[PDB]
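For reference, target-v7.cif (mmCIF, C-alpha atoms):
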```cif
data_my_file
loop_
_atom_site.group_PDB
_atom_site.id
_atom_site.type_symbol
_atom_site.label_atom_id
_atom_site.label_comp_id
_atom_site.auth_asym_id
_atom_site.auth_seq_id
_atom_site.Cartn_x
_atom_site.Cartn_y
_atom_site.Cartn_z
ATOM 1 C CA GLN O 1 17.891 -28.390 -5.890
ATOM 2 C CA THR O 2 19.943 -25.205 -5.147
ATOM 3 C CA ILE O 3 19.559 -22.488 -7.762
ATOM 4 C CA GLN O 4 20.499 -18.901 -8.547
ATOM 5 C CA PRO O 5 17.871 -16.161 -8.929
ATOM 6 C CA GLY O 6 15.126 -16.682 -11.461
ATOM 7 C CA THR O 7 11.571 -17.907 -11.815
ATOM 8 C CA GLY O 8 9.960 -21.070 -13.047
ATOM 9 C CA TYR O 9 7.908 -24.055 -12.077
ATOM 10 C CA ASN O 10 8.975 -26.721 -9.673
ATOM 11 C CA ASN O 11 6.899 -29.802 -8.937
ATOM 12 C CA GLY O 12 3.732 -28.058 -10.111
ATOM 13 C CA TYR O 13 4.313 -24.798 -8.253
ATOM 14 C CA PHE O 14 5.485 -21.430 -9.535
ATOM 15 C CA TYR O 15 8.568 -20.149 -7.764
ATOM 16 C CA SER O 16 10.429 -16.903 -7.637
ATOM 17 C CA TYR O 17 13.859 -16.271 -6.169
ATOM 18 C CA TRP O 18 15.595 -12.943 -6.283
ATOM 19 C CA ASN O 19 18.531 -11.308 -4.565
ATOM 20 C CA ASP O 20 20.469 -8.069 -4.961
ATOM 21 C CA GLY O 21 23.715 -9.955 -5.617
ATOM 22 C CA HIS O 22 25.257 -9.424 -2.170
ATOM 23 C CA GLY O 23 25.838 -13.081 -1.351
ATOM 24 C CA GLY O 24 24.978 -14.972 1.817
ATOM 25 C CA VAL O 25 21.775 -16.652 0.647
ATOM 26 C CA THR O 26 21.038 -20.246 -0.364
ATOM 27 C CA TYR O 27 17.651 -21.050 -1.888
ATOM 28 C CA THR O 28 16.596 -24.651 -2.494
ATOM 29 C CA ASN O 29 13.413 -25.943 -4.141
ATOM 30 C CA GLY O 30 12.185 -29.120 -2.467
ATOM 31 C CA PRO O 31 9.575 -31.742 -3.404
ATOM 32 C CA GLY O 32 6.055 -30.568 -4.097
ATOM 33 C CA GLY O 33 5.481 -27.102 -2.696
ATOM 34 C CA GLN O 34 8.462 -27.203 -0.355
ATOM 35 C CA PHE O 35 11.360 -24.747 -0.380
ATOM 36 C CA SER O 36 14.120 -23.873 2.043
ATOM 37 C CA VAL O 37 16.246 -20.838 2.500
ATOM 38 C CA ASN O 38 19.316 -20.367 4.643
ATOM 39 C CA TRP O 39 20.995 -17.014 4.854
ATOM 40 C CA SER O 40 23.902 -15.468 6.735
ATOM 41 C CA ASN O 41 24.740 -11.762 6.543
ATOM 42 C CA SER O 42 22.780 -11.495 3.303
ATOM 43 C CA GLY O 43 21.724 -8.484 1.310
ATOM 44 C CA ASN O 44 18.073 -8.090 0.285
ATOM 45 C CA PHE O 45 16.325 -11.201 -1.163
ATOM 46 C CA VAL O 46 12.896 -12.735 -1.705
ATOM 47 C CA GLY O 47 12.095 -16.384 -2.322
ATOM 48 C CA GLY O 48 9.045 -18.598 -2.336
ATOM 49 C CA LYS O 49 6.619 -20.944 -4.050
ATOM 50 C CA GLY O 50 3.048 -20.384 -5.118
ATOM 51 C CA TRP O 51 0.996 -19.697 -8.196
ATOM 52 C CA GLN O 52 1.164 -17.693 -11.388
ATOM 53 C CA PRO O 53 -1.324 -16.145 -11.587
ATOM 54 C CA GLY O 54 -2.837 -16.055 -8.118
ATOM 55 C CA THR O 55 -6.576 -15.739 -7.466
ATOM 56 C CA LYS O 56 -8.721 -13.493 -5.279
ATOM 57 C CA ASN O 57 -10.277 -16.391 -3.392
ATOM 58 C CA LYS O 58 -7.388 -18.798 -2.869
ATOM 59 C CA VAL O 59 -7.024 -20.577 0.451
ATOM 60 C CA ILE O 60 -3.287 -20.935 0.979
ATOM 61 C CA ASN O 61 -1.837 -23.496 3.344
ATOM 62 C CA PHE O 62 1.693 -23.331 4.725
ATOM 63 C CA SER O 63 3.617 -25.528 7.121
ATOM 64 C CA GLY O 64 7.185 -25.208 8.296
ATOM 65 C CA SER O 65 9.690 -23.469 10.484
ATOM 66 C CA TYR O 66 10.920 -19.923 10.275
ATOM 67 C CA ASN O 67 13.908 -18.729 12.312
ATOM 68 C CA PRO O 68 15.039 -15.218 11.387
ATOM 69 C CA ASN O 69 17.885 -13.404 13.132
ATOM 70 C CA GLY O 70 17.324 -9.825 12.145
ATOM 71 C CA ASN O 71 15.159 -8.110 9.526
ATOM 72 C CA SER O 72 12.976 -10.623 7.624
ATOM 73 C CA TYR O 73 9.329 -11.415 6.826
ATOM 74 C CA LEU O 74 7.245 -14.533 6.109
ATOM 75 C CA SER O 75 4.181 -13.645 4.106
ATOM 76 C CA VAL O 76 1.758 -14.334 1.338
ATOM 77 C CA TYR O 77 3.283 -11.995 -1.237
ATOM 78 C CA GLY O 78 2.150 -10.956 -4.699
ATOM 79 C CA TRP O 79 1.220 -8.310 -7.224
ATOM 80 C CA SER O 80 -1.731 -7.015 -9.146
ATOM 81 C CA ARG O 81 -1.607 -5.060 -12.397
ATOM 82 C CA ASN O 82 -3.721 -2.123 -13.514
ATOM 83 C CA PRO O 83 -3.567 -0.872 -10.841
ATOM 84 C CA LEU O 84 -0.040 -1.927 -9.980
ATOM 85 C CA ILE O 85 -0.016 -3.036 -6.368
ATOM 86 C CA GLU O 86 2.501 -4.997 -4.317
ATOM 87 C CA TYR O 87 0.769 -6.704 -1.397
ATOM 88 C CA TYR O 88 1.679 -8.633 1.731
ATOM 89 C CA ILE O 89 -0.198 -10.785 4.235
ATOM 90 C CA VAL O 90 2.508 -11.003 6.906
ATOM 91 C CA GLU O 91 2.308 -14.053 9.164
ATOM 92 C CA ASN O 92 5.627 -13.548 10.966
ATOM 93 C CA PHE O 93 8.655 -11.265 10.949
ATOM 94 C CA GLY O 94 11.908 -10.519 12.686
ATOM 95 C CA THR O 95 13.338 -7.374 14.217
ATOM 96 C CA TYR O 96 11.272 -5.066 12.061
ATOM 97 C CA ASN O 97 7.525 -4.713 11.791
ATOM 98 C CA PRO O 98 6.988 -3.588 8.152
ATOM 99 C CA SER O 99 4.022 -1.472 9.168
ATOM 100 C CA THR O 100 6.231 0.896 11.192
ATOM 101 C CA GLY O 101 5.290 4.484 10.261
ATOM 102 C CA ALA O 102 2.637 3.221 7.836
ATOM 103 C CA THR O 103 -0.939 4.528 7.745
ATOM 104 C CA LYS O 104 -3.404 2.130 9.368
ATOM 105 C CA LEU O 105 -6.529 1.709 7.261
ATOM 106 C CA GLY O 106 -8.426 -0.899 9.286
ATOM 107 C CA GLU O 107 -8.528 -4.280 10.990
ATOM 108 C CA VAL O 108 -9.660 -7.690 9.786
ATOM 109 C CA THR O 109 -10.099 -10.937 11.652
ATOM 110 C CA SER O 110 -9.110 -14.052 9.769
ATOM 111 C CA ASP O 111 -7.723 -17.515 10.396
ATOM 112 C CA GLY O 112 -7.367 -17.201 14.154
ATOM 113 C CA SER O 113 -6.060 -13.687 14.528
ATOM 114 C CA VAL O 114 -6.748 -10.051 14.061
ATOM 115 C CA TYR O 115 -4.710 -8.322 11.374
ATOM 116 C CA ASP O 116 -3.912 -4.647 11.086
ATOM 117 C CA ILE O 117 -4.242 -3.177 7.581
ATOM 118 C CA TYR O 118 -1.866 -0.537 6.179
ATOM 119 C CA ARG O 119 -1.068 1.238 2.937
ATOM 120 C CA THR O 120 2.336 2.600 1.930
ATOM 121 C CA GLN O 121 3.776 3.971 -1.301
ATOM 122 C CA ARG O 122 6.988 3.083 -3.144
ATOM 123 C CA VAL O 123 8.391 5.871 -5.313
ATOM 124 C CA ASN O 124 10.425 5.090 -8.424
ATOM 125 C CA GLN O 125 11.174 1.576 -7.187
ATOM 126 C CA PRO O 126 11.581 -1.607 -9.227
ATOM 127 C CA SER O 127 8.393 -3.511 -10.027
ATOM 128 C CA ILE O 128 7.124 -6.313 -12.244
ATOM 129 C CA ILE O 129 6.650 -3.691 -15.033
ATOM 130 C CA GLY O 130 9.875 -1.742 -14.505
ATOM 131 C CA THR O 131 10.702 1.261 -12.343
ATOM 132 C CA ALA O 132 7.480 2.827 -11.093
ATOM 133 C CA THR O 133 5.589 4.507 -8.298
ATOM 134 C CA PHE O 134 2.987 2.251 -6.715
ATOM 135 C CA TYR O 135 1.125 1.458 -3.514
ATOM 136 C CA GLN O 136 1.729 -1.453 -1.156
ATOM 137 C CA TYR O 137 -1.106 -3.046 0.817
ATOM 138 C CA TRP O 138 -0.354 -4.842 4.044
ATOM 139 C CA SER O 139 -2.174 -7.167 6.398
ATOM 140 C CA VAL O 140 0.012 -7.822 9.450
ATOM 141 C CA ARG O 141 -0.929 -10.691 11.768
ATOM 142 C CA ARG O 142 -0.839 -9.855 15.485
ATOM 143 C CA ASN O 143 -0.329 -13.480 16.590
ATOM 144 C CA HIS O 144 2.805 -14.647 14.751
ATOM 145 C CA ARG O 145 3.067 -18.212 13.401
ATOM 146 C CA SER O 146 5.015 -20.283 10.818
ATOM 147 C CA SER O 147 2.194 -22.658 9.927
ATOM 148 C CA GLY O 148 -1.445 -22.140 9.125
ATOM 149 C CA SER O 149 -4.045 -21.415 6.494
ATOM 150 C CA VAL O 150 -4.693 -18.055 4.864
ATOM 151 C CA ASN O 151 -8.063 -17.199 3.361
ATOM 152 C CA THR O 152 -6.883 -14.486 0.985
ATOM 153 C CA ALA O 153 -10.454 -13.544 0.162
ATOM 154 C CA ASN O 154 -10.937 -12.214 3.725
ATOM 155 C CA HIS O 155 -8.049 -9.782 3.252
ATOM 156 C CA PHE O 156 -8.806 -8.768 -0.328
ATOM 157 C CA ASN O 157 -12.424 -8.079 0.636
ATOM 158 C CA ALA O 158 -11.483 -6.053 3.726
ATOM 159 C CA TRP O 159 -8.985 -4.014 1.693
ATOM 160 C CA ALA O 160 -11.656 -3.275 -0.957
ATOM 161 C CA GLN O 161 -14.063 -2.253 1.799
ATOM 162 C CA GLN O 162 -11.481 0.337 2.929
ATOM 163 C CA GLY O 163 -10.907 1.603 -0.592
ATOM 164 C CA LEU O 164 -7.774 -0.418 -1.334
ATOM 165 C CA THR O 165 -8.676 -1.978 -4.674
ATOM 166 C CA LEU O 166 -6.703 -4.566 -6.608
ATOM 167 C CA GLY O 167 -6.456 -5.173 -10.343
ATOM 168 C CA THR O 168 -5.595 -8.230 -12.405
ATOM 169 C CA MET O 169 -3.640 -10.701 -10.294
ATOM 170 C CA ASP O 170 -0.033 -11.556 -11.128
ATOM 171 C CA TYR O 171 2.039 -14.109 -9.147
ATOM 172 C CA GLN O 172 1.053 -15.052 -5.601
ATOM 173 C CA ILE O 173 3.471 -16.928 -3.404
ATOM 174 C CA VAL O 174 4.360 -17.739 0.173
ATOM 175 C CA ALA O 175 7.696 -15.985 0.492
ATOM 176 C CA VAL O 176 10.550 -15.404 2.844
ATOM 177 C CA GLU O 177 12.156 -11.983 2.518
ATOM 178 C CA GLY O 178 15.321 -10.808 4.223
ATOM 179 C CA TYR O 179 17.103 -7.477 4.456
ATOM 180 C CA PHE O 180 20.696 -7.690 5.589
ATOM 181 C CA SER O 181 20.134 -10.407 8.207
ATOM 182 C CA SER O 182 20.630 -14.114 8.880
ATOM 183 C CA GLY O 183 18.278 -17.017 9.381
ATOM 184 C CA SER O 184 16.832 -20.235 8.115
ATOM 185 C CA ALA O 185 13.444 -21.428 6.977
ATOM 186 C CA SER O 186 11.802 -24.522 5.552
ATOM 187 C CA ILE O 187 8.238 -24.049 4.286
ATOM 188 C CA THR O 188 5.779 -26.269 2.426
ATOM 189 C CA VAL O 189 2.989 -24.658 0.412
ATOM 190 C CA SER O 190 -0.300 -26.183 -0.798
#
```
Represent the supplied structure as structure tokens.
Amino acid sequence: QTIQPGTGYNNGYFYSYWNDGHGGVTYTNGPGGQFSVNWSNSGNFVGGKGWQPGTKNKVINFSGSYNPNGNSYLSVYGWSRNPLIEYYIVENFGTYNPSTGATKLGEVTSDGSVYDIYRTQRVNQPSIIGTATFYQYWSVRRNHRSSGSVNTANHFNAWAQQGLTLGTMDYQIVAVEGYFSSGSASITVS
């Protein structure tokens, strides 16, 4: 059904939905690992289904449609603790490539495309453990798509090889993020 921000389990999948309270976003949990999000002149939000906790060798499958009109991403998104890391495996995006101005730390080939690896830092920003300063690891797919399979191990290994280590895994989901834009998406995870 439609719901307001929060987290929980839906049809055997962990889900997380958050927004800054600006309005213009509708998140709906569907059957199984399906979820849909429709937004129009939204604020910042993140929504998706996955696992809690994630694993370092999970093969994530996603199928759907993703139609952003503006700034938005479609990625495998999650966190690690000790060290605190926010990571992204970006499969598609809108008007803004999140790696813009970021430091490139390598390339990895996985699931039909080459990905560029980057590391950024967030200073005194909200996190799963409260306001903090932490790094962000990114894997940005060159060939964009809204369906496919993601072998997380290939990314986590490549990151480690470059010196980008991860700690204990927290949640791991396939999420749609938007930043003051419009769009629609319907994705099924498995």
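A straight line drawn from CA of residue 72 (chain O) to CA of residue 123 (chain O) is 21.5 Å long.
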Notebook entry, point to check: Need the neighbours of (12.8, -10.5, 13.5): which residues are at most 12 Å away, counting only C-alpha atoms, as a list in words?
Noted result: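 Neighbouring residues, ordered by chain and number, come to residues 66, 67, 68, 69, 70, 71, 72, 73, 74, 91, 92, 93, 94, 95, 96, 97, 98, 144, 176, 177, 178, 179, 180, 181, 182, 183 and 184 of chain O.
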Notebook entry, point to check: Quick one: which residues end up in the PyMOL selection byres ((chain O and resi 34-46) around 6) for this structure, as number ranges by chain?
Noted result: O: 17-20, 22-33, 47, 176-188
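Of the residues under consideration (O:135, O:15, O:171, O:87), O:87 shows the shortest atom-to-atom contact distance to residue 156 (chain O) when counting all atoms listed in the file.
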Note to self: Take the PyMOL selection byres ((chain O and resi 82) around 10), run it mentally on this structure, and tell me the resulting residues as number ranges by chain.
What the structure shows: O: 80-81, 83-85, 166-169
Check: What is the CA of residue 103 (chain O)-CA of residue 77 (chain O) distance in Å, reported with one decimal?
Finding: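 Distance between the two atoms: 19.3 Å.
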Notebook entry, point to check: For the file shown, what are the residues hit by the PyMOL selection byres ((chain O and resi 53) around 9), laid out as a VMD selection string?
Noted result: chain O and resid 14 50 to 52 54 to 55 169 to 172
Should you be able to, write region 88-106 of chain O of this structure into a file that contains N, CA and C atoms, as a CSV table (one decimal), in the first residue's frame.
```
chain,number,residue,atom,x,y,z
O,88,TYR,N,27.1,3.3,-3.0
O,88,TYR,CA,26.1,3.2,-4.1
O,88,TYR,C,26.7,2.5,-5.3
O,89,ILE,N,25.9,1.7,-5.9
O,89,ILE,CA,26.2,1.0,-7.2
O,89,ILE,C,25.1,1.5,-8.1
O,90,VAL,N,25.4,2.6,-8.8
O,90,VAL,CA,24.5,3.4,-9.6
O,90,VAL,C,24.3,2.8,-11.0
O,91,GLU,N,23.1,2.3,-11.3
O,91,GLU,CA,22.7,1.7,-12.5
O,91,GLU,C,22.1,2.7,-13.5
O,92,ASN,N,21.6,3.8,-13.0
O,92,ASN,CA,21.0,4.8,-13.9
O,92,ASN,C,20.8,6.0,-13.1
O,93,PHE,N,20.6,7.2,-13.8
O,93,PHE,CA,20.5,8.4,-13.1
O,93,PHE,C,19.9,9.4,-14.1
O,94,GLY,N,19.5,10.6,-13.6
O,94,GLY,CA,18.9,11.6,-14.4
O,94,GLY,C,19.9,12.7,-14.9
O,95,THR,N,19.6,13.9,-14.6
O,95,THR,CA,20.3,15.1,-15.1
O,95,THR,C,21.7,15.2,-14.4
O,96,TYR,N,21.9,14.5,-13.3
O,96,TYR,CA,23.2,14.7,-12.6
O,96,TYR,C,23.9,13.4,-12.3
O,97,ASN,N,25.1,13.3,-12.8
O,97,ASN,CA,26.0,12.2,-12.5
O,97,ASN,C,26.6,12.4,-11.1
O,98,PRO,N,26.3,11.5,-10.2
O,98,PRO,CA,26.7,11.8,-8.8
O,98,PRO,C,28.2,11.8,-8.6
O,99,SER,N,29.0,11.3,-9.6
O,99,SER,CA,30.4,11.3,-9.5
O,99,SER,C,31.1,12.6,-9.9
O,100,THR,N,30.2,13.6,-10.3
O,100,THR,CA,30.8,14.9,-10.8
O,100,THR,C,31.7,15.5,-9.7
O,101,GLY,N,33.0,15.8,-10.1
O,101,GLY,CA,33.9,16.4,-9.1
O,101,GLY,C,34.5,15.4,-8.1
O,102,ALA,N,34.1,14.2,-8.2
O,102,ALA,CA,34.6,13.1,-7.3
O,102,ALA,C,35.9,12.6,-7.7
O,103,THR,N,36.7,12.0,-6.8
O,103,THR,CA,38.0,11.4,-7.1
O,103,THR,C,37.8,10.0,-7.6
O,104,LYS,N,38.3,9.8,-8.9
O,104,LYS,CA,38.2,8.4,-9.5
O,104,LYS,C,39.3,7.6,-8.9
O,105,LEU,N,38.9,6.4,-8.4
O,105,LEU,CA,39.8,5.5,-7.7
O,105,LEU,C,39.9,4.1,-8.5
O,106,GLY,N,39.4,4.1,-9.7
O,106,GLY,CA,39.5,2.8,-10.4
O,106,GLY,C,38.3,2.5,-11.3
```
